[PDB]
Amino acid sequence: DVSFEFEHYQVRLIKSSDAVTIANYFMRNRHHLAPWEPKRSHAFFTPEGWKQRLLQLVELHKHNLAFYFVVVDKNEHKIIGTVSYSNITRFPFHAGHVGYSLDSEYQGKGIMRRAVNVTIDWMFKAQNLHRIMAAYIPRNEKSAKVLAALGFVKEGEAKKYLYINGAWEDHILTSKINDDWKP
């Protein structure tokens, strides 16, 4: 099954047996991630909430409708990042949205750059997507740099795009196009 390794990390599809570790990761990083993401339900921080979500994701993956990757620190046996491909459409768009997160203690190590690059490559080659879209709040410099480094091209800006922490936030829209897409 789908697995990528570099240094002491492993990037792979999330599994049902990840329920506790993924809940631990979002609990651990609750404060760090809170100002950048929409309001989260209680189930989002719990292993029982993730048990249910994982049932849905297994089903989504069966139909090639979603691909939720975790970044594992093999030294620590814990999840330290996520790379999620969602809102996948086939004909006539062949597009998906990518969203990612990283543990607050693993910043500035090029992990997100690598994890996203290897998964985009797989989404293009193994899943035959034509387009991956990403959107980030302009003051999220780390996110901007990652996307630029990976050859995502800025497409414009949607003002007041997503409701986060009680306010509409502008987002830069960016995308990467797969020239080798097969009809």
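Residues carry their position along the shown sequence, with the first being 1.
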Going by the average Cα B-factor in the PDB entry, point out whether 122-130 or 143-151 comes out higher.
143-151
Mean Cα B factor from the PDB record: higher for 58-66, or higher for 112-120?
58-66
Cα B factor band for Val72 (lowest, middle or highest third within the chain)
middle
Is the Cα B-factor recorded for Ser101 in the lowest, middle or highest third of its chain?
lowest
Taking the C-alpha B-factors as the PDB entry records them, is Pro35 in the lowest, middle or highest third of its chain?
highest
Splitting the chain's C-alpha B-factors into thirds, which one does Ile14 fall into?
highest
Once the chain's modelled residues are ordered by C-alpha B factor and cut into thirds, is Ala95 in the lowest, middle or highest one?
middle
